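K.L.:
Right, I'll just put the structure down here and ask away after.
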């Protein structure tokens, strides 16, 4: 409770975002090393990526006291988690990805705009699957 | 249309941050569902998390030439990837995590301050390991 509204809450959200991206980045770097045949480098990136998973996990555990960094909604139980995932996916397909696609098209990046539209379609599908799972949940 | 400096470059970085966090959040939610015995919700979170990994990979593919979301540095080859990883980890241990630790301590969240300090030390260790890997890289 004391954490809500603090600068530390904001720092935990920022650090969660950074560590989440670090895992994704390090896995991407590992996949590039795979193709290069840099097998030791790939293993190092995968090991450090696992460290970033633990860091992000810890940040999110502290944030369970205040809300999901992506939606502000409570998280913990599957009911709460599904409700938050639905809100996030709905934001992605309604606003974020279509907005990014329009700007990509405005700026002349047609392939990127189509990519964003593909991800809007994916987010709509994921929102609908989460909604169905929530409907079926008896707790 | 030049991607570097465009609004679309910034949107790719932002979308990458969101998809990265989505994977981390969804794996956390999947583990909560495991404990509750909600096996299908757990699998659904894991399946959707795997989709988020693909989305993040696709965003990074577009960003290779313009710069790593975390550092602004070019990425793609193992040498570039190690240089960028070192830069990012060095920022975490010299600036980001120490600053977050100081703020948490000032706000009275002593355990969280120690958590940030632990992560500063971890980032220093990551930077050191990446530096040794770069120093011996055969490319």
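Backbone-built Cβ (ideal geometry, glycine too); neighbour counts: all protein chains shown. All of the numbers you see were taken from the coordinates with simple rules; none came from a lab.
K.L.:
Of A:16, A:45, A:75, which has the largest mean-square fluctuation in a 10 Å C-alpha GNM of chain A?
P.N.:
A:45
K.L.:
Just want to confirm a number: the relative contact order over the stretch A:78-136, from Cα pairs under 8 angstrom separated by 6+ residues, in percent. Write down the numbers at each step before the final one.
P.N.:
Numbers: 52 pairs, mean separation 28.9, N = 59.
After rounding, I find 49 percent.
K.L.:
Where the eigenvalues come from the Cα gyration tensor of the stretch A:37-139, what are the semi-axes √(5λ) of the equivalent ellipsoid, largest first, in whole Å?
P.N.:
With the √(5λ) rule applied to the stretch A:37-139, the semi-axes are 27, 26, 13 Å.
K.L.:
Moving on to the next point. Along the axis that rotates chain A into chain B, which residue of chain A has the nearest beta-carbon, and what is the gap in whole Å?
P.N.:
A:20, 2
K.L.:
Same structure again: So the label point sits 7 Å from Cα along the Cα-to-Cβ vector; using that for residue A:36, what distances do you get to the other copies, in nanometres, sorted shortest first?
P.N.:
4.3
K.L.:
For residue A:131, place a label point 7 Å from Cα along the Cα-to-Cβ direction in every copy; what are the distances to the other copies, in nm, shortest first?
P.N.:
5.3
K.L.:
Ratio of the stretch B:52-108's C-alpha Rg to 2.2 N^0.38 Å, to two decimals?
P.N.:
1.45
K.L.:
In nm, one decimal, shortest first: how far is the label point of residue A:91 (7 Å from Cα along Cα to beta carbon) from the matching points in the other copies?
P.N.:
2.2
K.L.:
Can you tell me what percent of all Cα-Cα pairs in the stretch A:39-81 are more than 14 Å apart?
P.N.:
Considering the stretch A:39-81, 59 percent of its Cα-Cα pairs are separated by more than 14 Å.
K.L.:
Would you mind giving the mean number of other chain beta-carbons within 10 Å of the Cβ of each residue in A:25-36, as a whole number?
P.N.:
Details: counts 13, 5, 5, 13, 12, 2, 2, 8, 4, 0, 0, 6.
Mean partner shielding for this stretch: 6.
K.L.:
Considering Cα pairs under 8 angstrom that are at least six residues apart, work out the relative contact order of chain B and quote it in whole percent.
P.N.:
Across chain B, relative contact order equals 18 percent.
K.L.:
Hey, another quick one. With N denoting the number of residues in the stretch A:78-136, provide Rg(C-alpha) divided by 2.2 N^0.38 Å, to two decimal places.
P.N.:
1.28
K.L.:
Given the DSSP H assignment, sum -39500 (n - 2.57) over each helix run of at least 4 residues in chain A and divide by its residue total; what's the result at 222 nm in deg cm²/dmol, nearest 500?
P.N.:
Per the formula, -26500 deg cm²/dmol.
K.L.:
Evaluate the distance, in nm, between pseudo-label points positioned 7 Å from the Cα of residue B:7 and of residue A:4 along their respective Cα→Cβ axes.
P.N.:
For residue B:7 paired with residue A:4, the spin-label model returns 3.6 nm.
K.L.:
Relative to 2.2 N^0.38 Å, what does the C-alpha radius of gyration of the stretch A:12-77 come to as a ratio? Two decimals please.
P.N.:
Taking N as the residue count of the stretch A:12-77, the ratio is 1.34.
K.L.:
What is the distance, in nm, between label points placed 7 Å from the Cα along the Cα-to-Cβ direction at residue A:61 and at residue A:118?
P.N.:
With each label point 7 Å from Cα toward Cβ, the separation is 3.7 nm.
K.L.:
Using only the alpha carbon atoms of the protein assembly as shown, find the Kirkwood hydrodynamic radius as the inverse mean reciprocal pair distance, in angstroms to one decimal.
P.N.:
Kirkwood radius, the protein assembly as shown: 19.4 Å.
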